[PDB]
Amino acid sequence: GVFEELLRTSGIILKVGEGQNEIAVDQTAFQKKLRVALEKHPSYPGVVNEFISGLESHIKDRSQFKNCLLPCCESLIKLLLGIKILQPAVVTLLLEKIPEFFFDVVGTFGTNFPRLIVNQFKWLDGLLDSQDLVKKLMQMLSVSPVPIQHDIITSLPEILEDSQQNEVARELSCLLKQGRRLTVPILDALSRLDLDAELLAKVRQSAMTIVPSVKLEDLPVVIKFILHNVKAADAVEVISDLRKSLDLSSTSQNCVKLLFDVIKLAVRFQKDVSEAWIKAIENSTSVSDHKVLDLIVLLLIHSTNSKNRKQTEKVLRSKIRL
Amino acid sequence: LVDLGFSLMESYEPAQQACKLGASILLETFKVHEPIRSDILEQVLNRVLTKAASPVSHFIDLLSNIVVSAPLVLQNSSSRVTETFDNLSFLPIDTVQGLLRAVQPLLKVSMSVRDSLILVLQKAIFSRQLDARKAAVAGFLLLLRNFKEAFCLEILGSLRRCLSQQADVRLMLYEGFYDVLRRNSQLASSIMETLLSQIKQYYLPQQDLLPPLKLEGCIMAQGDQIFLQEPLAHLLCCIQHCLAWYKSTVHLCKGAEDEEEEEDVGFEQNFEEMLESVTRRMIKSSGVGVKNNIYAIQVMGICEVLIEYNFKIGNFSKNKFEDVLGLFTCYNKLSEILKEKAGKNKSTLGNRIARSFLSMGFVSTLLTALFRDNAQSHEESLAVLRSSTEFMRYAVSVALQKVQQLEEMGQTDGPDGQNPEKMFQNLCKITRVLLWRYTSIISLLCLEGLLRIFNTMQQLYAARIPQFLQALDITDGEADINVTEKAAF
């Protein structure tokens with residue numbers, strides 16, 4: 001194997017066996033040395049393919065995937081994609097690995113190749129194509145399972161470059177306009193892309209539509225996002241809407257409790273949630289809008305944070321006598 | 001009582017004595033009667049982890065002492081915390097540190113504390129992630145919890161992307177590079193190369209450039225245009241102690257790895273090359289000030305980090321001493337926007353004008369070798385510079401000021417300069433060597449550090465009056481009366 005000799009003389013020692021391969025050279029050394037002293041190979045415009053084909057001839061046995069994948073500075077993949085002369089040709093040999101490695105029955109034993117093969121890109125500092133990464137990536141999210149979806153949308157904050165934010169968020173908001181396996185993941189990944197002043201209220205109003213038909217547990221998560229950045233003068237209407245949506249309890253011992261949990265964590269942690277979550281039921285059920293949840297909340301606010309004795313009082317008095 | 005504590009020993013405001021008392025009621029009540037204090041601790045945590053800035057001192061010390069006196073008081077009861085911990089991303093600049101430190105007792109217990117801490121912080125880094133993600137990344141790293149497949153070198157990378165955010169993130173990643181090193185054993189190549197990239201952008205690469213470096217000639221550490229990048233001196237001061245780090249700083253020789261086979265090449269071959277450079281080239285946003293004392297202050301500290309590099313790089317030989325003479329000529333040349341000096345009078349403040357100095361044993365080595373107490377064979381250079389007489393009796397304000405702060409504000413800033421014993425031993429060596437040439441011969445120096453050595457050796461720390469009171473005694477040092485013969489002598 002001519003590629004094998006080129007590698008071994010390049011220094012990073014053979015990685016044979018299930019054990020982690022050992023490359024005893026300087027890291028910056030091993031990279032600079034190999035990526036210079038390959039350039040004077042005979043077909044200096046024509047060796048790259050003949051070698052990388054050996055690379056794929058080395059990409060067969062899955063354990064070699066691990067020793068390919070595993071840590072050792074970075075990985076022989078995860079640094080070996082630093083030589084810019086290979087710098088645009090590595091991602092293409094790799095990123096197509098995720099489909100055919102997305103077939104078998106994957107469980108709790110560990111070797112989630114779709115974990116590793118897309119966990120390596122994060123934190124990259126020099127990689128050639130700035131757009132083509134996210135480009136191939138989005139359609140790479142085309143038809144995988146729900147697990148592969150959790151993966152590819154999992155590392156979006158770091159592996160994705162910091163260029164096309166509003167465009168990345170553009171694909172995002174409609175990828176999560178109305179869905180089923182994108183309340184946990186895609187509902188979280190909104191924190192990583194520090195989106196602009198524009199698409200924000202779009203994200204916000206796009207929130208409430210999933211919420212009145214949200215899933216079993218994710219009312220905890222949906223709740224955190226609803227009041228997360230809601231703070232501001234533009235909150236109280238946020239509270240009116242939030243009240244109108246949520247509005248009554250069906251089960252969920254842990255569910256009703258945790259809903260009280262989030263409501264209490266926010267009940268004394270944000271700035272104006274005190275004035276608001278009261279005010280939205282505090283003048284705004286002219287007709288039968290008072291409900292269970294909108295009453296039980298009267299005590300949490302009225303005996304949780306000690307500034308609200310006289311506050312919970314006159315509210316309870318009017319809305320009882322009237 | 002427990003109500004008396006939580007509602008006096010905070011809110012009470014002698015007045016300082018009153019609060020000091022209230023510590024007793026709350027703490028003692030936590031002491032004796034064993035069933036009724038679990039709600040005491042929960043009153044405390046959220047009394048002092050959600051408020052305005054005054055709640056650092058009283059309640060912060062009280063939480064420190066409570067948890068610290070807590071012999072595993074939460075050591076199987078930590079369920080208020082795991083939802084306290086997330087609240088912290090809006091606290092002030094100083095409070096987030098002390099919260100981390102105080103809980104640092106409890107962190108040693110169980111992965112249910114830590115496996116949730118790491119997450120409720122990590123999420124901060126991908127997004128806005130203010131100093132708090134840093135105070136925390138380093139605190140977990142600069143701790144034994146850092147010990148123990150090692151993928152957390154990831155977050156070790158996460159900083160390395162942080163390294164360009166602002167100035168503040170710059171200064172932070174710097175100031176703790178040392179300690180993170182000093183604990184850190186494997187994680188050496190990374191701190192090395194990471195620095196090399198920050199400094200590979202500094203200086204004209206080819207020799208013969210008119211300025212080896214410029215106020216805008218070193219690239220930067222974090223920013224560099226309108227918000228100083230890593231301060232040129234700072235970017236280098238990290239470079240210096242870290243430079244001492246590979247062999248003799250983090251690893252004394254790194255014989256196994258870091259200095260193994262003259263490893264210096266990687267972490268500092270380019271270093272030492274740049275070293276001899278930044279000296280030899282010493283021939284030759286900031287309107288007036290920031291330009292001078294930060295950009296050309298990178299030269300101020302250029303001679304700062306220089307004095308270390310040269311005059312500890314082997315400074316028996318007369319070459320490096322001639323060089324130090326040069327650099328101080330340059331620094332004194334810089335003293336044009338004002339003037340500056342040494343120390344020669346009472347030191348209940350420090351010295352007359354200044355900023356950061358060299359290291360923390362530097363007042364020691366320089367003050368006790370070229371300030372008297374150093375007669376021997378190779379006295380040539382030590383006379384040559386010894387005949388400075390403007391660049392020694394000005395080079396003592398550095399020691400007079402390191403001391404006139406390093407007990408006026410709690411912990412004086414230099415690498416390995418908080419742990420109170422290593423504040424101590426130096427705190428005494430400076431005093432003896434001040435004496436034996438202010439009691440054996442710009443002249444009131446090693447004995448106008450005396451108002452200062454004393455007031456801030458006794459009032460800001462008393463439990464050691466017997467330990468250090470005898471120490472001034474020539475060659476010795478039982479009590480104020482027991483060592484009264486020493487006290488009378």
# chains A, B, ... in the order shown; residues from 1 in each chain; ligands from 1
$ interface_residues --of "chain B" --to "chain A" --cutoff "9 Å" --atoms "only C-alpha atoms" --output "mmCIF file with N, CA and C atoms, in the first residue's frame"
data_model
loop_
_atom_site.group_PDB
_atom_site.id
_atom_site.type_symbol
_atom_site.label_atom_id
_atom_site.label_comp_id
_atom_site.auth_asym_id
_atom_site.auth_seq_id
_atom_site.Cartn_x
_atom_site.Cartn_y
_atom_site.Cartn_z
ATOM 1 N N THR B 50 -30.186 35.317 44.541
ATOM 2 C CA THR B 50 -31.108 36.041 43.688
ATOM 3 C C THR B 50 -31.273 37.506 44.067
ATOM 4 N N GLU B 83 -31.610 22.974 41.012
ATOM 5 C CA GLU B 83 -32.406 23.978 40.329
ATOM 6 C C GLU B 83 -32.046 25.368 40.820
ATOM 7 N N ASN B 87 -29.808 29.292 37.918
ATOM 8 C CA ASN B 87 -30.335 30.641 37.956
ATOM 9 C C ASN B 87 -29.268 31.683 37.729
ATOM 10 N N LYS B 123 -24.405 24.809 27.809
ATOM 11 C CA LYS B 123 -25.438 25.425 26.950
ATOM 12 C C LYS B 123 -25.128 26.917 26.810
ATOM 13 N N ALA B 124 -24.575 27.552 27.845
ATOM 14 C CA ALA B 124 -24.245 28.994 27.758
ATOM 15 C C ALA B 124 -23.189 29.224 26.678
ATOM 16 N N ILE B 125 -22.175 28.363 26.572
ATOM 17 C CA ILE B 125 -21.028 28.643 25.652
ATOM 18 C C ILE B 125 -21.461 28.768 24.185
ATOM 19 N N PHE B 126 -22.325 27.878 23.689
ATOM 20 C CA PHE B 126 -22.680 27.888 22.244
ATOM 21 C C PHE B 126 -23.315 29.234 21.918
ATOM 22 N N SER B 127 -24.108 29.763 22.848
ATOM 23 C CA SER B 127 -24.828 31.046 22.626
ATOM 24 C C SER B 127 -24.023 32.202 23.208
ATOM 25 N N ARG B 128 -24.689 33.191 23.816
ATOM 26 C CA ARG B 128 -23.962 34.405 24.238
ATOM 27 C C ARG B 128 -22.824 34.015 25.171
ATOM 28 N N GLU B 149 -12.623 9.598 25.830
ATOM 29 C CA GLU B 149 -12.637 9.150 27.204
ATOM 30 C C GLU B 149 -12.119 10.327 27.954
ATOM 31 N N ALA B 150 -11.414 11.162 27.215
ATOM 32 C CA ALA B 150 -11.026 12.476 27.685
ATOM 33 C C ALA B 150 -11.576 13.562 26.788
ATOM 34 N N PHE B 151 -12.772 13.342 26.246
ATOM 35 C CA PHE B 151 -13.330 14.211 25.223
ATOM 36 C C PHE B 151 -13.464 15.642 25.681
ATOM 37 N N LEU B 153 -11.445 17.611 26.488
ATOM 38 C CA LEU B 153 -10.585 18.384 25.603
ATOM 39 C C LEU B 153 -11.377 19.099 24.521
ATOM 40 N N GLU B 154 -12.561 18.595 24.183
ATOM 41 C CA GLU B 154 -13.528 19.398 23.457
ATOM 42 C C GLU B 154 -13.681 20.771 24.081
ATOM 43 N N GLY B 157 -11.227 22.810 23.719
ATOM 44 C CA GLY B 157 -11.235 23.515 22.459
ATOM 45 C C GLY B 157 -12.199 24.672 22.478
ATOM 46 N N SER B 158 -13.253 24.538 23.260
ATOM 47 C CA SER B 158 -14.333 25.505 23.214
ATOM 48 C C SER B 158 -13.828 26.854 23.655
ATOM 49 N N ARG B 160 -10.796 27.714 23.037
ATOM 50 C CA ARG B 160 -9.851 28.138 22.010
ATOM 51 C C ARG B 160 -10.565 28.820 20.877
ATOM 52 N N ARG B 161 -11.861 28.587 20.775
ATOM 53 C CA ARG B 161 -12.688 29.420 19.928
ATOM 54 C C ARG B 161 -13.131 30.662 20.668
ATOM 55 N N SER B 189 0.262 20.237 25.426
ATOM 56 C CA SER B 189 0.452 20.592 24.033
ATOM 57 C C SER B 189 -0.610 21.573 23.576
ATOM 58 N N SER B 190 -1.824 21.432 24.095
ATOM 59 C CA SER B 190 -2.931 22.265 23.650
ATOM 60 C C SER B 190 -2.749 23.700 24.097
ATOM 61 N N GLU B 193 0.198 25.068 21.728
ATOM 62 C CA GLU B 193 -0.082 25.441 20.351
ATOM 63 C C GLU B 193 -1.118 26.545 20.293
ATOM 64 N N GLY B 266 8.661 23.055 19.846
ATOM 65 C CA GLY B 266 7.242 23.262 19.585
ATOM 66 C C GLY B 266 6.623 24.411 20.364
#
$ residues_around --residues "segment 66-72 of chain B" --least-positions-apart "4" --cutoff "10 Å" --atoms "only C-alpha atoms" --output "ChimeraX atom specification"
/B:23,26-28,30-31,40-41,44,59-62,76-77,102-106,109
$ atom_distance --atom1 "atom CA of residue 263 of chain A" --atom2 "atom CA of residue 202 of chain A"
23.9 Å
$ residues_around --residues "residue 308 of chain A" --least-positions-apart "6" --cutoff "10 Å" --atoms "only C-alpha atoms" --output "PDB file with C-alpha atoms, in the first residue's frame"
ATOM      1  CA  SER A 274     -44.893  38.631  38.816  1.00  0.00           C
ATOM      2  CA  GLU A 275     -46.854  41.639  37.534  1.00  0.00           C
ATOM      3  CA  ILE A 301     -48.069  33.992  43.541  1.00  0.00           C
ATOM      4  CA  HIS A 302     -49.659  35.038  46.826  1.00  0.00           C
TER       5      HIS A 302
END
$ atom_distance --atom1 "atom CA of residue 149 of chain A" --atom2 "atom CA of residue 179 of chain A"
12.5 Å
$ closest_residue --among "A:143, A:81, A:25, A:168" --to "residue 98 of chain A" --atoms "only C-alpha atoms"
A:143
$ atom_distance --atom1 "atom CA of residue 488 of chain B" --atom2 "atom CA of residue 456 of chain B"
20.5 Å
$ residues_around --residues "residue 454 of chain B" --least-positions-apart "2" --cutoff "12 Å" --atoms "only C-alpha atoms" --output "ChimeraX atom specification"
/B:346-348,403-404,407,427-428,431,447-452,456-462,464-465,468-469,472
$ write_last_selection --atoms "C-alpha atoms" --output "mmCIF file, in the first residue's frame"
data_model
loop_
_atom_site.group_PDB
_atom_site.id
_atom_site.type_symbol
_atom_site.label_atom_id
_atom_site.label_comp_id
_atom_site.auth_asym_id
_atom_site.auth_seq_id
_atom_site.Cartn_x
_atom_site.Cartn_y
_atom_site.Cartn_z
ATOM 1 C CA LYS B 346 6.731 54.860 54.889
ATOM 2 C CA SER B 347 4.714 52.241 52.962
ATOM 3 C CA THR B 348 1.116 52.352 54.213
ATOM 4 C CA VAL B 403 3.313 44.913 49.266
ATOM 5 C CA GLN B 404 1.279 48.095 49.718
ATOM 6 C CA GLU B 407 -2.821 43.235 51.956
ATOM 7 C CA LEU B 427 5.737 38.463 52.968
ATOM 8 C CA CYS B 428 8.581 37.913 55.444
ATOM 9 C CA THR B 431 11.052 42.305 55.394
ATOM 10 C CA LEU B 447 12.775 50.592 56.255
ATOM 11 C CA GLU B 448 9.940 52.720 54.993
ATOM 12 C CA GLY B 449 8.450 49.516 53.905
ATOM 13 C CA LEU B 450 8.040 49.254 57.685
ATOM 14 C CA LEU B 451 4.835 51.188 58.390
ATOM 15 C CA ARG B 452 3.459 48.887 55.684
ATOM 16 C CA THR B 456 -0.549 45.006 57.106
ATOM 17 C CA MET B 457 1.332 42.187 58.766
ATOM 18 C CA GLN B 458 -0.569 42.534 62.040
ATOM 19 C CA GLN B 459 -3.997 44.088 61.402
ATOM 20 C CA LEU B 460 -4.980 42.268 58.234
ATOM 21 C CA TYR B 461 -3.621 39.129 59.796
ATOM 22 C CA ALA B 462 -3.063 38.689 63.543
ATOM 23 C CA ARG B 464 0.639 35.059 63.034
ATOM 24 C CA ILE B 465 1.952 37.845 65.346
ATOM 25 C CA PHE B 468 6.390 36.461 62.152
ATOM 26 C CA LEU B 469 7.194 38.722 65.173
ATOM 27 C CA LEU B 472 12.128 39.770 62.039
#
$ residues_around --residues "residue 332 of chain B" --least-positions-apart "3" --cutoff "10 Å" --atoms "only C-alpha atoms" --output "ChimeraX atom specification"
/B:300,326-329,335-336,339-341,390-391,394
$ write_last_selection --atoms "N, CA and C atoms" --output "short mmCIF file (atom, residue, chain, number, x, y, z; two decimals), in the first residue's frame"
data_model
loop_
_atom_site.label_atom_id
_atom_site.label_comp_id
_atom_site.auth_asym_id
_atom_site.auth_seq_id
_atom_site.Cartn_x
_atom_site.Cartn_y
_atom_site.Cartn_z
N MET B 300 6.20 48.56 27.65
CA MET B 300 6.41 48.71 29.08
C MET B 300 6.52 47.33 29.69
N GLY B 326 19.78 48.27 29.26
CA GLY B 326 19.19 48.89 28.10
C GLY B 326 17.69 49.03 28.24
N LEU B 327 17.02 47.94 28.60
CA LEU B 327 15.57 47.93 28.59
C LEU B 327 15.03 48.94 29.58
N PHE B 328 15.66 49.03 30.74
CA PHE B 328 15.25 50.00 31.73
C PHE B 328 15.53 51.40 31.24
N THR B 329 16.58 51.56 30.42
CA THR B 329 16.79 52.84 29.76
C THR B 329 15.59 53.18 28.91
N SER B 335 8.83 57.04 30.53
CA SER B 335 8.32 57.86 31.62
C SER B 335 8.43 59.31 31.19
N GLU B 336 7.56 59.67 30.26
CA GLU B 336 7.52 61.00 29.69
C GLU B 336 6.16 61.61 29.84
N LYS B 339 6.39 61.29 35.45
CA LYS B 339 7.56 60.60 35.98
C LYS B 339 7.15 59.49 36.96
N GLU B 340 8.08 58.56 37.21
CA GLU B 340 7.87 57.42 38.11
C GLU B 340 9.14 57.12 38.89
N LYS B 341 9.04 56.26 39.92
CA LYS B 341 10.16 56.05 40.84
C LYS B 341 10.06 54.74 41.62
N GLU B 390 19.76 54.87 39.49
CA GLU B 390 18.47 55.41 39.08
C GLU B 390 17.56 54.26 38.71
N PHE B 391 18.15 53.10 38.43
CA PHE B 391 17.39 51.95 37.97
C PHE B 391 17.55 50.80 38.92
N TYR B 394 14.95 53.10 41.74
CA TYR B 394 13.61 53.21 41.20
C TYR B 394 12.98 51.82 41.08
#
$ select_by_dssp --residues "segment 149-229 of chain A" --states "helix (DSSP H, G or I)" --output "count of residues only"
46
$ residues_around --residues "residue 93 of chain B" --least-positions-apart "2" --cutoff "10 Å" --atoms "only C-alpha atoms" --output "ChimeraX atom specification"
/B:53,90-91,95-98,130-132,135
$ residues_around --residues "residue 115 of chain B" --least-positions-apart "6" --cutoff "12 Å" --atoms "only C-alpha atoms" --output "list in words"
residues 82, 85, 107, 109, 121, 122, 140 and 145 of chain B
$ write_last_selection --atoms "N, CA and C atoms" --output "compact mmCIF listing (two decimals), in the first residue's frame"
# COMPACT_ATOMS: atom_id res chain seq x y z
N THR B 82 -29.77 21.68 42.54
CA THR B 82 -29.83 21.29 41.13
C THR B 82 -30.85 22.11 40.34
N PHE B 85 -28.76 26.07 40.58
CA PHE B 85 -27.56 26.24 39.76
C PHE B 85 -27.85 26.93 38.45
N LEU B 107 -18.89 19.97 45.56
CA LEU B 107 -18.67 19.41 44.24
C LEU B 107 -17.86 18.14 44.33
N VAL B 109 -18.39 15.63 46.00
CA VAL B 109 -19.13 14.49 46.51
C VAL B 109 -19.55 13.56 45.38
N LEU B 121 -24.12 24.79 32.22
CA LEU B 121 -23.15 25.80 31.78
C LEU B 121 -22.83 25.71 30.28
N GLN B 122 -22.50 24.50 29.80
CA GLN B 122 -22.15 24.22 28.38
C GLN B 122 -23.13 24.94 27.48
N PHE B 140 -13.99 24.30 36.89
CA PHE B 140 -14.02 22.82 36.81
C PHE B 140 -12.64 22.34 36.38
N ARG B 145 -11.44 18.03 40.11
CA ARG B 145 -12.57 17.47 39.35
C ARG B 145 -12.10 17.40 37.90
